[PDB]
Every structure is written in structure tokens, then in C-alpha cells.
Amino acid sequence: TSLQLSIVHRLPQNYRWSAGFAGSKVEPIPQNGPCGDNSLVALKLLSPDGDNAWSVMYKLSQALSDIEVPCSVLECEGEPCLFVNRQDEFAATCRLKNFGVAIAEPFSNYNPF
């Protein structure tokens, strides 16, 4: 049902927080060698959108962070875009799917979980 499910990704890259803001910062890894599996992954704009899906997505990133799962949510105009750790891609879309909103997240290599 519906016909307006416009999902976009490109590549996760390996990036981190710039030790200034946490919740409002992103920067890549210029050849710095993290512990490894502690890269971040990022999501582009999605659709469909509405105040439901916005409010719920945001209230859920907060809720997930309340447990063990720091997720990041920022808009620009009409482009809600998202940031998660690593395994938190599949995990997030899995729990979010139950909440009924839409999401744009992959589930890592061919769903490896």
C-alpha cells in the first residue's frame, strides 16, 4: 500500500564524533586507526515523511539512547537524515519496523545477525 517510498544510501564510510559535541557533530577518520568495529554508519534522506514519522523517529532515537543505543537524528528543511553506530543499523530498522513508521536503514552485509 502507498507508492511514495523513496529510500537512498551510498556508502557507510568509517567516521566518528569530533570530540566537541557528540550529539551535533560528524567527521571522517583521516587515517587514525580506531579500535575498528566502532565506526559510525549514516543514512541520507528518506520518505515518506510527516509530523508523526518525524516525532516518533526522534522520540525513538531518544528512547533507544535511554537503553544502550546512541542514535542521532537531524533534519534539513524536508530531509530527515540519521546516524547510528554499526550493528545498530539492522537492530534499529528491526525495532523501528514494529513501531510502524518508515526507515531507510540497511541491515549490514546481507543481514548477518
# chains A, B, ... in the order shown; residues from 1 in each chain; ligands from 1
>>> residues_around(residues="residue 85 of chain A", least_positions_apart="2", cutoff="12 Å", atoms="only C-alpha atoms", output="number ranges by chain")
A: 12-17, 36-43, 65, 68-72, 82-83, 87-92, 105, 108
>>> residues_around(residues="segment 55-63 of chain A", least_positions_apart="4", cutoff="12 Å", atoms="only C-alpha atoms", output="PyMOL selection string")
chain A and resi 23+46+49-51+67-75+80-84+88+92-93+95-104
>>> write_last_selection(atoms="N, CA, C and O atoms", output="short mmCIF file (atom, residue, chain, number, x, y, z; two decimals), in the first residue's frame")
data_model
loop_
_atom_site.label_atom_id
_atom_site.label_comp_id
_atom_site.auth_asym_id
_atom_site.auth_seq_id
_atom_site.Cartn_x
_atom_site.Cartn_y
_atom_site.Cartn_z
N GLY A 23 26.42 14.82 20.15
CA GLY A 23 25.09 14.78 19.57
C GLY A 23 24.90 15.68 18.34
O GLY A 23 23.91 15.49 17.63
N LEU A 46 15.13 10.14 3.35
CA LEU A 46 14.18 9.05 3.17
C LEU A 46 12.85 9.61 2.66
O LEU A 46 12.73 10.82 2.45
N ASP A 49 7.42 11.15 4.78
CA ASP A 49 7.61 11.98 5.97
C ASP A 49 6.27 12.59 6.41
O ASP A 49 5.36 12.73 5.59
N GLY A 50 6.17 12.95 7.69
CA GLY A 50 5.08 13.69 8.29
C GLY A 50 5.37 13.83 9.78
O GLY A 50 6.21 13.09 10.31
N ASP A 51 4.65 14.71 10.50
CA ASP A 51 4.96 15.03 11.90
C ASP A 51 4.90 13.80 12.80
O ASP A 51 5.69 13.67 13.72
N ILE A 67 18.67 3.40 26.62
CA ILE A 67 18.90 1.99 26.94
C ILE A 67 20.39 1.70 26.81
O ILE A 67 21.06 1.45 27.82
N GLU A 68 20.90 1.69 25.57
CA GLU A 68 22.29 1.40 25.26
C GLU A 68 22.66 1.85 23.83
O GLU A 68 23.75 1.53 23.36
N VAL A 69 21.81 2.64 23.15
CA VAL A 69 21.83 2.74 21.69
C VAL A 69 21.84 4.22 21.27
O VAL A 69 20.79 4.76 20.89
N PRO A 70 22.97 4.92 21.35
CA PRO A 70 23.03 6.32 20.96
C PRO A 70 22.82 6.43 19.45
O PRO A 70 23.69 6.03 18.67
N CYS A 71 21.67 6.98 19.06
CA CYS A 71 21.31 7.28 17.69
C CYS A 71 21.21 8.80 17.54
O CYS A 71 20.85 9.49 18.50
N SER A 72 21.43 9.30 16.33
CA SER A 72 21.42 10.71 16.01
C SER A 72 20.48 10.96 14.85
O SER A 72 20.42 10.19 13.89
N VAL A 73 19.72 12.05 14.95
CA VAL A 73 18.63 12.46 14.09
C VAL A 73 18.76 13.95 13.88
O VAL A 73 18.76 14.68 14.87
N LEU A 74 18.87 14.40 12.62
CA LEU A 74 18.91 15.82 12.29
C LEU A 74 18.13 16.01 10.99
O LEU A 74 18.24 15.17 10.09
N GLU A 75 17.36 17.08 10.88
CA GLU A 75 16.67 17.45 9.65
C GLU A 75 17.50 18.46 8.86
O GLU A 75 18.52 18.95 9.34
N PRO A 80 14.94 14.63 6.72
CA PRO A 80 15.36 13.93 7.92
C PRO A 80 16.47 12.95 7.53
O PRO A 80 16.27 12.13 6.63
N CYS A 81 17.64 13.05 8.17
CA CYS A 81 18.78 12.16 7.94
C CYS A 81 19.32 11.70 9.31
O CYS A 81 19.12 12.38 10.33
N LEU A 82 19.99 10.55 9.32
CA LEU A 82 20.19 9.76 10.54
C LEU A 82 21.62 9.25 10.63
O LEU A 82 22.35 9.22 9.62
N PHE A 83 22.05 8.86 11.83
CA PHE A 83 23.39 8.39 12.13
C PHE A 83 23.29 7.37 13.27
O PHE A 83 22.60 7.62 14.27
N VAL A 84 23.96 6.23 13.13
CA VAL A 84 23.97 5.09 14.06
C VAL A 84 25.40 4.53 14.13
O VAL A 84 26.29 5.02 13.42
N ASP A 88 23.73 -1.45 14.95
CA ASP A 88 22.62 -0.60 15.21
C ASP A 88 21.88 -0.26 13.95
O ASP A 88 20.75 0.17 14.12
N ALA A 92 18.18 -1.32 14.70
CA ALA A 92 17.29 -0.18 14.65
C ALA A 92 16.13 -0.44 13.71
O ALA A 92 15.00 -0.36 14.17
N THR A 93 16.39 -0.72 12.42
CA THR A 93 15.29 -0.94 11.48
C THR A 93 14.38 -2.07 12.01
O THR A 93 13.17 -1.88 12.01
N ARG A 95 13.63 -2.99 15.23
CA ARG A 95 12.69 -2.49 16.25
C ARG A 95 11.76 -1.40 15.71
O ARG A 95 10.55 -1.43 15.97
N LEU A 96 12.28 -0.47 14.90
CA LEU A 96 11.50 0.63 14.31
C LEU A 96 10.35 0.08 13.46
O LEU A 96 9.23 0.55 13.59
N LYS A 97 10.59 -0.99 12.69
CA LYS A 97 9.56 -1.63 11.87
C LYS A 97 8.33 -1.98 12.70
O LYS A 97 7.21 -1.71 12.25
N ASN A 98 8.52 -2.53 13.90
CA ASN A 98 7.42 -2.85 14.81
C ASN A 98 6.64 -1.58 15.18
O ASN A 98 5.41 -1.63 15.19
N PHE A 99 7.30 -0.44 15.41
CA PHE A 99 6.65 0.83 15.77
C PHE A 99 5.80 1.40 14.61
O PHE A 99 4.97 2.29 14.83
N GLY A 100 5.98 0.91 13.38
CA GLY A 100 5.08 1.15 12.25
C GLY A 100 5.50 2.31 11.35
O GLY A 100 4.97 2.45 10.24
N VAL A 101 6.42 3.17 11.80
CA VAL A 101 6.92 4.26 10.96
C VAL A 101 7.73 3.70 9.78
O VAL A 101 7.86 2.47 9.64
N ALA A 102 8.29 4.54 8.93
CA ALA A 102 9.15 4.14 7.83
C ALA A 102 10.61 4.36 8.25
O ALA A 102 10.88 5.13 9.17
N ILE A 103 11.57 3.64 7.66
CA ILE A 103 13.00 3.82 7.92
C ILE A 103 13.78 3.55 6.63
O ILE A 103 13.26 2.87 5.74
N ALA A 104 15.03 4.01 6.59
CA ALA A 104 15.89 3.87 5.42
C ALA A 104 17.15 3.07 5.70
O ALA A 104 18.11 3.15 4.92
#
>>> atom_distance(atom1="atom CA of residue 86 of chain A", atom2="atom CA of residue 11 of chain A")
12.7 Å
>>> select_by_dssp(residues="segment 10-68 of chain A", states="strand (DSSP E or B)", output="compact mmCIF listing (two decimals) with C-alpha atoms, in the first residue's frame")
# COMPACT_ATOMS: atom_id res chain seq x y z
CA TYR A 15 33.70 8.14 10.56
CA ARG A 16 33.34 9.36 14.22
CA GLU A 27 33.85 13.89 10.89
CA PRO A 28 35.62 11.07 8.92
CA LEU A 40 29.68 5.06 12.64
CA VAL A 41 27.24 4.48 9.73
CA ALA A 42 24.96 7.20 8.23
CA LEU A 43 21.62 7.48 6.43
